[PDB]
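Engineer: Here's a structure for you.
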Protein chains: 2
Amino acid sequence: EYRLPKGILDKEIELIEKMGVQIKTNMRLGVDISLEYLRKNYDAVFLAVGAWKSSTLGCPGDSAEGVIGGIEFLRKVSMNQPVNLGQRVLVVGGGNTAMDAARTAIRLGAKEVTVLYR
Amino acid sequence: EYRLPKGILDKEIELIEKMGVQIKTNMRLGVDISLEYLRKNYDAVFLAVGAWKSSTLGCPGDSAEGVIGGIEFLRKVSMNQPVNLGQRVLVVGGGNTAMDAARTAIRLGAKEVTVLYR
């Protein structure tokens, strides 16, 4: 939020909806609807699902209690859902996700945030 | 059709639709839509799917080319889809489906229709 407030995003999405686009939220493909249904009742189908699965540490013990994906953590913080963030946080990576996670952890009260890059 | 014309049925279904009921045809449960989606976005779910699978002859050779279910045959005739009805038809059973199939086969030009009942 400190880099992109969501009011602006909401306003622009309302602008897109005002053009006749109908947005059916909470409708996941492969759970709520199938691809074949879309192919049957729509002239064209565009898929823009993004890359919504984070990369694990790729080391033994990367499934313990206290390891979380960067985008999963950021999505939890965005929805105001509780995160079990301690006082010593290690952000592994050097991309935009790592920086955002580190600064969000700083803003969430973590006393020490360290970023480790290969 | 000779026992219940479909114009009357269409008129009554239009009457039901005129009360605010919305009918989403060509929407099969488990293929186009899922039960869990219905449970998620509806206060109540009623299931009235009927008994739409016919009973096979239960004898060896009941999967040959020229054996068809009674209600599958009647559904094909109702939709005006082609049926490979010969000239000697054997309707096995004694229910309403058997009578309807036999009389429809008579009306479809079969020279001999016989009904076999246990």
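Laboratory data are not the source of any read-out in this text; all were calculated from the coordinates shown. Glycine gets a Cβ as well: all are built from the backbone with ideal geometry, and neighbour counts include every protein chain shown.
Engineer: Please list, by residue number, every one of the chymotrypsin sites (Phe, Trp or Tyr not before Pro) in the stretch B:34-93 that is coil in DSSP and has at most 16 other beta-carbon atoms within 10 Å.
Structural biologist: Details: sites: B:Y37, B:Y42, B:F46, B:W52, B:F73; in loops: B:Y42, B:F46, B:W52.
Here the chymotrypsin sites (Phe, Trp or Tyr not before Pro) that fit, given the DSSP loop and packing criteria, are B:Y42, B:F46, B:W52.
Engineer: Going 7 Å from the Cα of A:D10 in the Cα-to-Cβ direction, what parts of the stretch A:74-106 have a backbone nitrogen less than 14 Å from that spot?
Structural biologist: The answer is A:79-80, whose backbone nitrogens lie closer than 14 Å to the label point.
Engineer: Another question, then. Long-range amide H contacts for A:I33: which residues qualify at under 5 Å (H placed 1.01 Å from N, peptide plane, sequence gap of 5 or more or a different chain)?
Structural biologist: A:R28
Engineer: Another question, if that's okay. What nm distances, shortest first, do you get from the label point of B:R88 to those in the other copies when the point sits 7 angstrom along Cα to Cβ?
Structural biologist: Once sorted, the set of distances for B:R88 reads 9.0 nm.
Engineer: Just to check, using Stokes-Einstein with a Kirkwood Rh over alpha carbon pairs, what's the diffusion coefficient of chain B at 37 °C and 0.692 mPa s in µm²/s?
Structural biologist: On the way: Rh = 17.4 Å.
Rounded, D is 189 µm²/s.
Engineer: Given the Cα-Cα distance of A:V67 and A:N96 and 0.36 nm per residue of separation, how much length would full extension add, in nm? List each step's numbers first, then the result.
Structural biologist: Values: separation 29, 0.36 × 29 = 10.44 nm, distance 1.86 nm.
Between A:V67 and A:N96, full extension yields 8.6 nm more.
Engineer: Now a separate question. Go through the stretch A:1-51 and name the trypsin sites (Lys or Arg not before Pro) that are in a DSSP coil and have 13 or fewer other Cβ atoms within 10 Å of their Cβ.
Structural biologist: On the way: sites: A:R3, A:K6, A:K11, A:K18, A:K24, A:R28, A:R39, A:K40; in loops: A:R3, A:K18, A:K24, A:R28.
Answer in residue order: A:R3, A:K18, A:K24, A:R28.
Engineer: At 7 Å along the Cα-to-beta-carbon direction for both B:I23 and B:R88, put a label point, then send me their distance in nm to one decimal.
Structural biologist: 4.2 nm
Engineer: Between the helical axis of A:6-17 and the dominant principal axis of chain A, each derived from Cα atoms, what acute angle in degrees is found, rounded to the nearest 10?
Structural biologist: Helix A:6-17 sits roughly 10 degrees off the main axis of chain A.
Engineer: Related question: So what is log10(I(q)/I(0)) for the protein assembly as shown at q = 0.08, 0.09, 0.13 1/Å, when the Debye sum runs over its Cα atoms only?
Structural biologist: -0.63, -0.72, -1.03
Engineer: Connecting C-alpha atoms closer than 10 Å in a GNM of chain B, tell me which of B:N84, B:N26, B:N96 has the biggest fluctuation.
Structural biologist: The residue that fluctuates most here is B:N26.
Engineer: Something else about it: Under the Karplus relation 6.51 cos²θ - 1.76 cosθ + 1.60, θ = phi - 60°, what is the ordered set of whole-Hz ³J(HN,Hα) values for the stretch A:69-78, x standing for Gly and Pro?
Structural biologist: x, x, 6, 5, 5, 5, 5, 4, 5, 5
Engineer: For n ≥ 4 DSSP H runs only, could you compute -39500 (n - 2.57) per run for the protein assembly as shown, divide by its residues and tell me the 222 nm figure to the nearest 500?
Structural biologist: Details: 8 runs with 80 residues, N = 236.
For the protein assembly as shown, the value works out to -10000 deg cm²/dmol.
Engineer: Something else about it: If you put a point 7 Å past Cα along the Cβ direction, how far is that point for A:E17 from the same point in each other copy, in nm, smallest first?
Structural biologist: 2.9
Engineer: Now for a separate question. Filter the GluC sites (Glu not before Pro) in the stretch B:2-95 to those in DSSP coil with at most 13 other Cβ atoms within 10 Å of their Cβ, and list the result.
Structural biologist: On the way: sites: B:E12, B:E14, B:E17, B:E36, B:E65, B:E72; in loops: B:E65.
When the GluC sites (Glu not before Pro) of the stretch B:2-95 are filtered for loop state and at most 13 Cβ neighbours within 10 Å, B:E65 remain.
Engineer: Each residue of the stretch B:80-86 in order: what ³J(HN,Hα) in whole Hz does its phi give by Karplus 6.51 cos²θ - 1.76 cosθ + 1.60, θ = phi - 60°, with x for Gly and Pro?
Structural biologist: After applying 6.51 cos²θ - 1.76 cosθ + 1.60, I find 6, 7, x, 10, 8, 6, x Hz.
Engineer: Mind listing the label-point distances from B:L47 to the same position on all other copies, shortest first, one decimal in nm, points 7 Å along Cα→Cβ?
Structural biologist: 3.0
Engineer: Can I ask one more? Would you grab the residues whose amide H sits under 5 Å from the one on B:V115? Only those 5+ places off in sequence or on another chain, please, with H modelled 1.01 Å from N.
Structural biologist: For B:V115, whose amide H was placed from the backbone, the distant partners under 5 Å are B:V91.
Engineer: Taking the 0 to 90 degree range and rounding to the nearest ten, how far is the long axis of helix B:96-107 tilted relative to the main principal axis of chain B, both from C-alpha atoms?
Structural biologist: Approximately 60 degrees, to the nearest ten.
Engineer: Could you tally up the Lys pairs in chain B with alpha carbons closer than 24 Å? Skip any pair fewer than 8 positions apart unless they're on separate chains.
Structural biologist: Here the count comes out as 11.
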